[PDB]
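Positions of Cβ are generated from backbone atoms using ideal geometry, with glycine treated the same way; all protein chains shown enter the neighbour counts. Read the figures in this text as sums done on the coordinates, not as results from a lab.
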Amino acid sequence: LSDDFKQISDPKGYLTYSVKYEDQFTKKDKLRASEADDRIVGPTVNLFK
Amino acid sequence: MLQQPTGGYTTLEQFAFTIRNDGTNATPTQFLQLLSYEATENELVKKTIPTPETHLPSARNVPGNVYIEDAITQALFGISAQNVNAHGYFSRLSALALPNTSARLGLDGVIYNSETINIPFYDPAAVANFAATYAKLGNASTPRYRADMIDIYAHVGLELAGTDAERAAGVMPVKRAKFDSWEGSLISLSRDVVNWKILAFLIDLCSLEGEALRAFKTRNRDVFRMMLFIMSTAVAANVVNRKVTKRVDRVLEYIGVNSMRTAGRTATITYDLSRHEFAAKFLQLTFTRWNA
Amino acid sequence: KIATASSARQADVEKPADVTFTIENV
Amino acid sequence: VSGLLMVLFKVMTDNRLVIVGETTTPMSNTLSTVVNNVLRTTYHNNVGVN
Amino acid sequence: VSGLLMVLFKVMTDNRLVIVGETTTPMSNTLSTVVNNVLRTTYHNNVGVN
Amino acid sequence: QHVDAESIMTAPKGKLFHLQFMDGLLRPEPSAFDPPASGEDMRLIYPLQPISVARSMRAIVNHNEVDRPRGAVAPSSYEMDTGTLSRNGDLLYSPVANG
Amino acid sequence: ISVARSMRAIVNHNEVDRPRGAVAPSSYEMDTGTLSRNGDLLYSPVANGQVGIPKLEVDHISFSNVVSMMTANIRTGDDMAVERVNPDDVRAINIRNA
C-alpha cells in the first residue's frame, strides 16, 4: 500500500500553552489528590501551578 | 438583558445589599443605628465640589473580560487593593460610554467585548449613562484631574454622621464615631461591603431620573452611608477600643477628616496614595451625581 | 508467653516558627 | 509572512491519522467527583493540559 | 503547693504566639466521610490526638 | 534587552524590532520599612495596539486568599467546551440556549 | 482517685456489649465550639436558642479549640532604620520652651 497517512498515537496539536512563572509564589498549603486524579489532572496542575 | 425596573435595579431582590453584624445578616441601616457620635471642637464645613472633568479616557480596545465591579469595590473597600489606577479597565468603561458599542456589562459586574448572549446583562442605555460619568475614575491619578483628597471627606462626614439639621446647615462639628462591636468588626464590615453589587446602585444612580431617582436616593441612603463608613474608617486618623461594662466599643476618630494615612493597620482597611486618589475621584463623581 | 503492660503519651512537636522566603499572595 | 506560508503549508499536508494510545479506566471510586463528571469511562494516559 | 505556683507562674508568662505549621488539603474523595464532616478544608500535619 | 532611543529612530524599515514588556501585576508590595525612593521611575516606549493577544490566563495567584488580583484573567470558556461532531462530522461548540 | 481518667477499658466485651465500668470520654473533650464576640473560647450551644457556655467558665477539660494564628512568620526581617540628622550648631539649639 502507499503510505498515504502517518499513523500516530497521542497526537501533538498545532497550538500549545506556554507559561511563565514567578517562582516566589507558592501556596503554604499542600494539596493531596488521589493517585488517579493526579494521573488525570496532573499535567494540567503542574503546568498552571 | 435585564430591563431596568422603574424603581431601578436596586428594587430587585437579586441586588439586595446586606452586612453581617457579629456574623448575622442585617440591612445596612440597622448597622448604622448602632453608630453613636461624640462631637469635638473642630467643625467640618463643606465646600462646593468642583465639577468633574469632561475628559473620559480614550475608549481603546483591550484583550480579555474586564471585571469592572470587582475593581471598583476592591479599590474602595478591599483590603490592600492593588493597581487601582491601571488604565485599561476604564478604557473599556469609556468603550461602554459610546452610543452603540458592542460591549455589554453583565450582572456579574464583568464587561464582555463580544455580544456573548448566555449571561444576562444590564440595559445598554443605562450603562452608557453610568460609564459616561464613572469612566472618569480612569483619570483619578492624572495630575490635571486629581480630586481634592481632603475637603471631599467633609461631605462624607455630612452624609454619614450628619443630623438632618447639620446636613441642611452644610456644617457639622467634627465627630468621633463609636459602636458596640465584635473583634475585627471593621474588616468584616469591609468584606461584607466589598461583595456588594454596587454597579446596580451606580447604574441606577446615573440612569434614573426625576421622582424615581429621588425616591431611590431616599431608599438607598443607608447603603451609600455604609460605603461612606467603610471609606471613613479607611481614612480615620485613629481607631481603638474601649472596655465599658464587658462590652467593647470600637471608636473611630475622626469621621469626615481624611488623615492621608497610608500604612496598614489591624483595625481597618488602609488606602495607599493611589487608593486615596481613586477614592477621592470616586467621591467627587458620586457626590456630584448624588446632589442634583 | 507473659502478658505485659505499657504506656504512651502524645509527643510535643512544637518547633519554633519557620522563616519561609516565599510569599503566598500579591 | 514567509513563516505563515509554512504554517499553512505544513497544515495543508498533515497526513497524521490517530491511533489510540495507552489508556486507563479508573474506577469511579478512585476519582474525585468532578473528575468523574468530566471523565468518560476511559482516557489516554497522555492527557495534556486543559 | 510549690509546684502549683510553677504551673500558675509558667502559665502566667507563656508568651508563645502561634504561626501556622505545615498543612494539608486532602481532596474530599480521599477521606472517609466522617472525617470529611470533621475536617475543614485543611489541617496541620501534626494533628494531635482527640 | 535595552533599547536606546536612537535605535528606535534609526532601525531599518522592514527589520523586525524585538521589544520586551513587563507584566508587573505579579509584583509584591514593598516592605513597610523599605527606604523611600527619592527619584522617579520613567518609561518611554509604549505599544500602539494590544500586545497580549496570545494570553489565556494571567496571574494565577491569590489576592487575600479569595479576592482576584485586579487584571488577572481566567481562561475563556471556549478553551474548555469540547462539544461534538456535527452531522457531517465537523467540530462544534456545545449549544448555548437549549433550542 | 481516678480523677484524671478520661477513657477506661478500650476493649470489647462480647464484640458489642461494653465491659462494666468502661468509660467513654466526656463530650466536652470533643466540643471545639467557637470564639465569643470578644474572642473568648466557648462550647457550642446546647439548646438551639441559648448561647454557648465559655470553656473557662465551667470545670470540664476540652481538647479541641479554635486558636488564632498568623499564616506565616511575623519577623519578615525588614527591620526599621532611620536617618538621624544632628543639630547644625550646638550653640543655636533651643533648650527652652518645655
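Structural remarks
- Filter result for the condition that a residue is part of a loop (DSSP other than H, G, I, E, B), within 14 Å of chain G (Cβ to nearest Cβ) and among the small types (G, A, S), over F:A32, F:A11: F:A32
- Scan of segment B:225-237 for residues that are part of a helix (DSSP H, G or I) and in contact with an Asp or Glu (Cβ under 7 Å, 6 or more places away or on another chain), ordered by number: B:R225, B:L228
- Taking (1) of a type in the set (A, V, I, L, M); (2) closer than 26 Å to B:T142 by Cα; (3) not in a loop (DSSP other than H, G, I, E, B) in turn, B:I269 satisfies each apart from (3).
- Scanning segment G:8-59 for residues that are over 30 Å from B:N241 (Cβ atoms) and touching a strand residue (DSSP E or B) at 6+ places or on another chain (Cβ under 6 Å) yields G:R8, G:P19, G:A22, G:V23.
- Residues located in segment G:60-80, provided they are over 24 Å from B:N241 (Cα atoms), within 14 Å of chain E (Cβ to nearest Cβ) and either surrounded by 12 or more Cβ atoms within 10 Å (Cβ to Cβ) or not basic (K, R) (or both): G:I61, G:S62, G:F63, G:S64, G:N65, G:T71, G:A72, G:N73, G:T76
- Restricting segment D:29-50 to residues that are farther than 19 Å from A:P43 by Cβ and facing another protein chain (nearest Cβ under 10 Å), the residue that is surrounded by the most Cβ atoms within 10 Å (Cβ to Cβ) is D:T33.
- Single residue of segment D:11-28 satisfying the filter (in contact with a helix residue (DSSP H, G or I) (Cβ under 8 Å, 6 or more places away or on another chain) and of a type in the set (S, T, Y)) that is nearest to A:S34 (Cα to Cα): D:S28
- Pairs where the first residue, in segment E:23-34, is more than 28 Å from C:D18 (Cα to Cα) and the second is basic (K, R) and surrounded by 16 or more Cβ atoms within 10 Å (Cβ to Cβ), C-beta under 6 Å, 6+ apart: none
- Filter result (within 21 Å of F:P69 (Cβ to Cβ) and not hydrophobic (A, V, I, L, M, F, W, C)) within segment F:16-33: F:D23, F:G24, F:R27, F:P28, F:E29, F:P30, F:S31
Per-residue answers, yes or no, for (1) more than 14 Å from the chain's Cα centre (by Cα); (2) of a type in the set (K, R):
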position: A:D10; (1), (2): no, no
position: A:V19; (1), (2): no, no
position: A:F25; (1), (2): yes, no
position: A:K28; (1), (2): yes, yes
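- Residue within segment B:240-260 that is surrounded by 17 or more Cβ atoms within 10 Å (Cβ to Cβ), out of contact with any helix residue (DSSP H, G or I) (no Cβ under 8 Å at 6 or more places or on another chain) and among the small types (G, A, S) present: no
- Residues (assigned to a helix (DSSP H, G or I), among the β-branched types (V, I, T) and closer than 14 Å to B:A200 by Cα) located in segment B:2-33: B:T10, B:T11
- Meets criteria (within 19 Å of the chain's Cα centre (by Cα) and either small (G, A, S) or away from chain F (no Cβ under 14 Å) (or both)) for B:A86: yes
So that you can scan it fast, the table gives a plain yes or no per residue for (1) more than 14 Å from chain G (Cβ to nearest Cβ); (2) surrounded by 11 or more Cβ atoms within 10 Å (Cβ to Cβ):
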{"residue": "F:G24", "(1), (2)": "yes, no"}
{"residue": "F:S38", "(1), (2)": "no, no"}
{"residue": "F:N62", "(1), (2)": "no, yes"}
{"residue": "F:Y78", "(1), (2)": "yes, no"}
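- Search result, residues across segment G:37-83 that are hydrophobic (A, V, I, L, M, F, W, C) and under 19 Å from E:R16 (Cβ atoms): G:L41, G:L56, G:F63, G:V66, G:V67, G:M69, G:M70, G:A72, G:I74
- When the residues of segment E:14-24 are filtered to those that are within 14 Å of chain G (Cβ to nearest Cβ) and in contact with a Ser or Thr (Cβ under 7 Å, 6 or more places away or on another chain), the one that is nearest to C:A17 (Cα to Cα) is E:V20.
- Some residue of segment F:80-94 being on the phi > 0 side of the Ramachandran plot, within 14 Å of chain G (Cβ to nearest Cβ), surrounded by fewer than 12 Cβ atoms within 10 Å (Cβ to Cβ) and not hydroxyl-bearing (S, T, Y): no
- Only a single item in (1) aliphatic (A, V, I, L, M); (2) at the interface with chain D (Cβ under 7 Å from one of its Cβ atoms); (3) loosely packed, with under 13 Cβ neighbours inside 10 Å is not met by A:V19, and it is number (2).
- Test for E:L5: is it farther than 25 Å from G:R75 by Cα and either surrounded by 10 or more Cβ atoms within 10 Å (Cβ to Cβ) or facing another protein chain (nearest Cβ under 7 Å) (or both): yes
- All of E:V11, E:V7, E:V34 fail the test of being part of a helix (DSSP H, G or I) and under 21 Å from C:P16 (Cβ atoms), apart from E:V11.
- Filter pass, F:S56 being in contact with a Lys or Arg (Cβ under 9 Å, 6 or more places away or on another chain), more than 28 Å from C:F21 (Cα to Cα) and assigned to a loop (DSSP other than H, G, I, E, B): no
The rows are residues; the columns are (1) crowded, with 23+ Cβ neighbours inside 10 Å; (2) farther than 27 Å from B:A234 by Cβ; (3) among the acidic types (D, E).
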{"position": "B:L98", "(1), (2), (3)": "no, yes, no"}
{"position": "B:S114", "(1), (2), (3)": "no, yes, no"}
{"position": "B:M149", "(1), (2), (3)": "no, no, no"}
{"position": "B:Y153", "(1), (2), (3)": "yes, no, no"}
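- Search result, residues across segment G:46-98 that are of a type in the set (G, A, S) and either under 29 Å from the mean Cα position of the chain (by Cα) or outside any loop (DSSP other than H, G, I, E, B) (or both): G:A47, G:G49, G:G52, G:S62, G:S64, G:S68, G:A72, G:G77, G:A92
- Filter result for B:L12 (of a type outside the set (S, T, Y), free of Cβ contacts under 8 Å to residues at least 60 places away in the same chain and either at positive phi or surrounded by fewer than 22 Cβ atoms within 10 Å (Cβ to Cβ) (or both)): no
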